[PDB]
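Before any questions on binding or motion, here is one chain by itself as structure tokens, the form deposited in one PDB entry.
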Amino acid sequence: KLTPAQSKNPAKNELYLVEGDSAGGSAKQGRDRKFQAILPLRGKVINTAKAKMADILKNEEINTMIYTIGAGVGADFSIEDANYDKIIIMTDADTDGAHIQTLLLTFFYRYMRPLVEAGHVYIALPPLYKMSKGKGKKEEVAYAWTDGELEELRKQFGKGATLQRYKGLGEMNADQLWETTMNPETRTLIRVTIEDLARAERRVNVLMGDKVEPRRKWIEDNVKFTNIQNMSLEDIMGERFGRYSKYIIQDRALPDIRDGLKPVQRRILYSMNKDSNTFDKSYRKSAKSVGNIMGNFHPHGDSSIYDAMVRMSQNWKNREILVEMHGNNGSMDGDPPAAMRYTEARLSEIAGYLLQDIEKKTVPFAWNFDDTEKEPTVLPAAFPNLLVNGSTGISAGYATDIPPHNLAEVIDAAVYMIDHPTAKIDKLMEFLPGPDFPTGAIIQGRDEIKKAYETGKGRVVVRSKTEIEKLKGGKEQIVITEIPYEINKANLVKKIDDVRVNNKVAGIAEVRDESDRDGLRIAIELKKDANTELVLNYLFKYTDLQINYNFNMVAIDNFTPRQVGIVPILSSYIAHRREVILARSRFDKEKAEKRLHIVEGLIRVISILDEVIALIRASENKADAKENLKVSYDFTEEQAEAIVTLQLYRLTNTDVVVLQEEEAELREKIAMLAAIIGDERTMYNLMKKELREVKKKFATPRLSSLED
């Protein structure tokens, strides 16, 4: 696990804790082996301020750090016996690296304080940028850390340099690594020093401790959701965890309150759609989709991307699947989906509707990490995806659980709230009565559903749909045909058979999964004279045949986390749809005005065709022809360009009644569009009309039944 330096020298030797085996590799190659050791950290590092000292001892990483520094841990820690003068934390300069620096520091604090107090623990800063320039053989390069340092490089170099924005240590060669972050004579470091032992204890415990409330409050109060230098432990931990917190809150774990997507989902959709990988066209190798995503939009592991893509495709997790996938995309038994090298995929037809009108400038775009392509920050959302498909849900200081809903019900609620902005929950619940899990079952708790629909939190009960079949020999048989959302069929069955094997309740002959490609069925065969209600009851209480589902509805509203209920959600959707439909209408109106202008021009041209040809023949060149067109006949620039760039064959379709029809069509179109832009009510009707069109086209029956 450890790559030891060549010669033991407690006075010079350095220990590099590197983020990941891959960068560990590069660093093994780039090091100076006389005095630098490498010790890769394979994945996120254990929070030694949250976990049991037991699990902490059993930890592969912690154990090998205690034993290569060779000074023991805890109160039995002797600085004098250490094997390194410098410990150096070298992570990507990304938010997850920020997180790792945090975790490692809270270990060196808790269990090796003397090393931190003696200023022996540093943090290496990899560069953020590399500027051009050249071409292949004759190509030069320089590095920068501050957007300011970058501005100064642009002064030199000049044109035509090109910036490479480093996304993490993985895109550096060993030669580049050494020169910029490992060479003692070249590198910028940070020395963690403790300035105030007191102020540093509270800082570490708030952020890294087991208690959630404090941390939530620390984040609410500090995070603004809108050579060698010293940093304090308090100040560093503050700044690094602040970055991670903000990031996984607004850009990883929680869905946007308008389209109900996490950023990775939005990118999966946007990418596949750009590439015309749509419901009406041939499937397409998953790996091809995943790589395009990873290359154009989402700078994270393929497995995160693929796994997300997969989930949006499983109809027992999504109420209305957004991706269709050919092949083994898993099962309710929780077995593993085929690797992205085996499967093909495309957008579902309904996904199309989440994306409807995206070409029409209806939604804010941001630059991507390459600064090479724009991507959308929210989708146009032609149905209220947050409630229909749900979300879940773990961040920092916040987590989220929102159950799926029946498309027709959600839309009915919305259409009501559109006519009646001030509607109370009691009334919306006549349209939207409760969750509809794609897996069906029975949902119990009208009261707790209101609580949740009102506060974002609530606890409801989900219970399996059962039936009793009689068998020959006078013996009964419990048959289960629907089970509760998010429950693994295979385990459930094992856990029930466990009840039989342990004879927890009397009367169980045999458990058998009898589910086949078209239908779920767990048969529980009872004995001769078993109290059949006694069994069913015990199984509800002591296995997941029946569970508690907990609403924790948190979404991102105006850039910040928000515990929210049916009303903040529905109105947020409505508000959003409003911005879009207006944007859309502005777009189409401008496009129609421009055309109308040309068409007006062509209509005049036709009546003076001969004069115009003569006049163009008479000009010297393109520009000259346009000026003569303007001056002699008062056409505008935009018309003149249009006229002068018609191809010759056009002087045959010299037909003005058909152009006049287009003119009329356009005036009428423009009138319709203007009315939408100019009157809230006309526009909300357009919204209601479209929402109804989607319900007609996609509605399906409830699956889950309701009881209180």
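Only residues modelled in both forms are compared. Here, rigid core means the biggest group of C-alpha atoms that superpose within 1.5 Å across both forms. In this text, residue numbers run from 1 along the sequence as written.
Asks: Counting only residues from the deposited sequence, how many are left out of the model between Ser282 and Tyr283 (none, 1 to 3, 4 to 9, 10 or more)?
Replies: Gap size class: none, per the record.
Asks: Test of understanding: from the entry's C-alpha B-factors, which stretch has the higher mean, 543-551 or 289-297?
Replies: Higher mean C-alpha B-factor: 543-551.
Asks: Averaged over C-alpha atoms, is the B-factor higher for 480-488 or for 175-183 in this PDB entry?
Replies: 175-183 has the higher mean C-alpha B-factor.
Asks: Out of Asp55, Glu662, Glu641, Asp679, which shows the largest CA B-factor listed in the entry?
Replies: Most elevated C-alpha B-factor of the set, per the entry: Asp55.
Asks: Choose from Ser464, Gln563, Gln265, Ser132 the residue with the greatest Cα B-factor as stated in the PDB record.
Replies: Across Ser464, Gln563, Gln265, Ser132, the entry lists the biggest C-alpha B-factor for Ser132.
Asks: Comparing against every modelled residue in the chain, figure out the third that the C-alpha B-factor of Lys28 lands in (lowest, middle or highest).
Replies: Its C-alpha B-factor, which the entry lists for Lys28, ranks in the middle third among residues of this chain.
Asks: Relative to the other modelled residues of the same chain, rank the CA B-factor of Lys44 and answer lowest, middle or highest third.
Replies: Answer is middle: the recorded C-alpha B-factor places it there.
Asks: Hey, what third does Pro376 fall into on Cα B-factor, ranked over its chain?
Replies: Ranked within chain, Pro376 CA B lands in the lowest tercile.
Asks: Comparing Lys217 with the other modelled residues of its chain, is its CA B-factor in the lowest, middle or highest third?
Replies: Highest third of the chain for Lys217's C-alpha B-factor.
Asks: Can you work out whether the C-alpha temperature factor of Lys12 puts it in the lowest, middle or highest third of the chain?
Replies: For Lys12, whose C-alpha B-factor we compare with every modelled residue in the chain, the answer is the highest third.
Heads up, the form deposited in another entry isn't pictured, but that's what we're talking about next.
Asks: Where does the C-alpha shift reach 2 Å or more between this form and the one not shown among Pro421, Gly158, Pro336, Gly519, given a fit on the rigid core?
Replies: By this measure, the answer is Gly158.
Asks: Kindly check if the Cα atom of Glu139 is displaced 2 angstroms or more between this form and the one not shown relative to the superposed rigid core.
Replies: The answer is yes, as the C-alpha of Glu139 shifts between this form and the one not shown by 2 Å or more after core alignment.
Asks: After superposition on the rigid core, which segments of 3 or more consecutive residues show C-alpha displacements of 2 Å or more between this form and the one not shown?
Replies: The runs that move are 134-141, 157-159.
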